[PDB]
Amino acid sequence: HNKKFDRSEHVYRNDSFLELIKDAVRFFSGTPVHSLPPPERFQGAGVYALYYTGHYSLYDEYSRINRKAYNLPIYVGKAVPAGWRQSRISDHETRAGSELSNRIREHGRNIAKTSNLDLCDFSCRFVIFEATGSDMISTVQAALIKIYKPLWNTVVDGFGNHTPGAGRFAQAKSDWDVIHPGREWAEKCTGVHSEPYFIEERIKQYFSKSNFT
Amino acid sequence: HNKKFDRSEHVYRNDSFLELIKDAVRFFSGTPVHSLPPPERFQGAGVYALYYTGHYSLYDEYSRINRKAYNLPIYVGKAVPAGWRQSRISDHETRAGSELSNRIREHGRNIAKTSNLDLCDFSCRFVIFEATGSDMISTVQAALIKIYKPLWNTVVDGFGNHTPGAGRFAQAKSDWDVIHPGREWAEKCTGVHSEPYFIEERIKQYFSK
DNA sequence: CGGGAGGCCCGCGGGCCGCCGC
DNA sequence: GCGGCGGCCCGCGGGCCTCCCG
């Protein structure tokens, strides 16, 4: 330190930044909706949201909530640019990844692999954040989860996992995997996972119990 | 589906963002520097930076980069308020928590337990956001990591690990843990971990381009 | 017995590498 | 023989719940 303690001198407010985030959020909400995955590959990093309109019994309510419009996402995710560990040198030119697009395609493949969900019942929205604006990517994703409370982000976790891998097989298969088998790596997880009965009830409770702030 | 497909209808641009992120970053830059951990506990969520002024041979450069001022952090982190996956299972009673302060303290403890790093050679800065502002925390952290590329966030990974736990006993120990034993839990990781020579050249590379 | 810090689980998804498709 | 994408590792730290202080 070398200097006295005082909480107040460390508080940061910027209401302007709060408006800026609201703006990115409302821009997200009105971007075009596509099939999962979108008809074309593209470059960029950003945020995306997945919507359900099918009739799988635990999720049937989405067919009504999302009947006339894409109102409530089941999942919101992100893909942050390859911006890594850095030392901006050579390290030659080779520019422009397709991180957002790949992740969207990846999540498509996981749903394809399940028995009980059909990919044709999913749709998506996404927003590309470029350059310096890419710093905002994980805060837009958090802002969207806070407004929508997507089921797969806040109740039935696990959709977001890539393969835990060999160094991690002792872990329990996630609630998403237990009600939507089978990504095959999920069958190599040896830990104690939750029982379908208790996940089913949580999903029901999601819909029946009011979530309005 | 919709009807078209047009990449630029999905691209967000707002140049005023550059000014706001600049402002947040200079505010962070000018907040009071304290020991690690700070001398008092405090409530709030936020972002923090760790600075080194010591003489451990690999890191010796910092004692010059940080000689006259706290310029280049060695680590940047963040602590978010309780439940950012839409909060716990509660009613209306206790909206105040200490997750930033706790988190900074944990990092101190981990440094205390190493053999080759002295806590006295460490300082920190931290910024609190509250409570409408918390969505802002990650974007400031990310800006800071991008601008300073702290060595423990970019080259010598793993200081931010919590205990992997009994589900992940077969994973490798982290580069940080290999050059800075010992958190007792890294000792219980049985995977093949990086060589110290490899890490040490990455460190040297960090301080000559 | 009560509140909060910390211990100890895993969600999410970054990055790298090998493999396949060219 | 090359580039891009998926497969397979673990980084970072969230969140629950324990237990540790009161």
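Quick note on labels: first sequence line is chain A, next is B, and so on, each numbered from 1.
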Checklist line | C/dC9 sugar pucker (north/south) via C1'-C2'-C3'-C4' | finding: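 A north-puckered sugar, given its positive torsion.
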
Report yes if at least one side-chain N or O of [X] is closer than 4.0 Å to OP1 or OP2 of [N]; otherwise report no.
| X | N | answer |
| --- | --- | --- |
| A/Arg103 | C/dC12 | no |
| A/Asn161 | C/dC12 | no |
| A/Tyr75 | C/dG11 | no |
| B/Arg168 | D/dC9 | no |
| B/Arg109 | C/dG7 | yes |
| B/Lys78 | D/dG14 | yes |
| A/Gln141 | C/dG13 | yes |

Nearest whole angstrom, please: distance from the [atom2] of [N] to the [atom1] of [X].
| X | N | atom1 | atom2 | result |
| --- | --- | --- | --- | --- |
| A/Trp185 | C/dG13 | CH2 | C1' | 12 Å |
| A/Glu99 | D/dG6 | CD | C1' | 14 Å |
| B/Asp157 | C/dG13 | CG | P | 18 Å |
| A/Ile104 | D/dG6 | CD1 | P | 13 Å |
| A/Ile137 | C/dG13 | CD1 | P | 12 Å |
| A/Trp176 | C/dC10 | CH2 | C1' | 17 Å |
| A/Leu100 | C/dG13 | CG | P | 11 Å |
| A/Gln43 | D/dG3 | CD | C1' | 14 Å |

Check: Would you say B/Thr114 and B/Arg183 make side-chain contact, with heavy atoms under 4.5 Å?
Finding: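 In short, these two side chains do not touch, never coming nearer than 4.5 Å.
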
Next item on the list: Please tell me which of the listed nucleotides, D/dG14, C/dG6, D/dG13, lies nearest to the side chain of B/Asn102?
Entry: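 Closest nucleotide to the B/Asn102 side chain: C/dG6.
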
Margin query: Checking contacts here: which listed nucleotide (D/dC12, D/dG15, C/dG6) is nearest the side-chain heavy atoms of B/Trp84?
Written below: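 Looking only at heavy atoms from C-beta outward on B/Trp84, the closest nucleotide is D/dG15.
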
Margin query: Closest-nucleotide mapping onto DNA chain D: is A/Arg105 or A/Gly167 further toward the 5' terminus? I mean the 5' end.
Written below: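 So the residue in question is A/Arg105.
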
Note to self: Both B/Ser174 and B/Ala79 contact DNA chain D. Taking the nearest nucleotide for each, which residue is further toward the 5' end?
What the structure shows: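 Final value for this comparison: B/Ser174.
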
Notebook entry, point to check: Under a 4.0 Å N-O cut-off, is there an ion pair linking B/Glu106 with B/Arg103?
Noted result: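 Result for this pair is yes, salt bridge flagged.
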
Note to self: Looking at B/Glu187 and B/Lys173, is there a salt bridge between them, counting it only when a charged N and a carboxylate O are closer than 4.0 Å?
What the structure shows: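 Salt bridge: yes.
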
Next item on the list: Could you tell me whether B/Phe207 atom CZ has more than 12 heavy atoms of other residues or ligands within 6.0 Å of it?
Entry: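 Yes, enclosed.
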
Next item on the list: Indicate, yes or no, whether a donor-acceptor pair under 3.5 Å links the base of C/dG6 to the side chain of B/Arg183.
Entry: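 Checked by distance alone, the answer is no.
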
Next item on the list: Mark yes or no for a side-chain to base donor-acceptor pair under 3.5 Å between A/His162 and C/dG14, with no hydrogen or angle criteria applied.
Entry: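 Yes, a donor-acceptor pair under 3.5 Å.
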
Next item on the list: Specify whether B/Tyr75 and B/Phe159 have parallel, tilted or perpendicular ring planes, treating 30° as the upper limit for parallel and 60° as the lower limit for perpendicular.
Entry: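 If you compare the ring of B/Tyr75 with that of B/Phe159, the planes turn out perpendicular.
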
Check: Nearest nucleotide by nearest heavy atom, which residue falls closer to the 5' end of DNA chain C, A/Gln171 or A/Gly77?
Finding: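 In this pair, the answer is A/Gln171.
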
Item checked: Centroid separation A/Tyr62 to A/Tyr70 less than 6.0 Å ->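 No, the ring centres sit 6.0 Å or more apart.
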
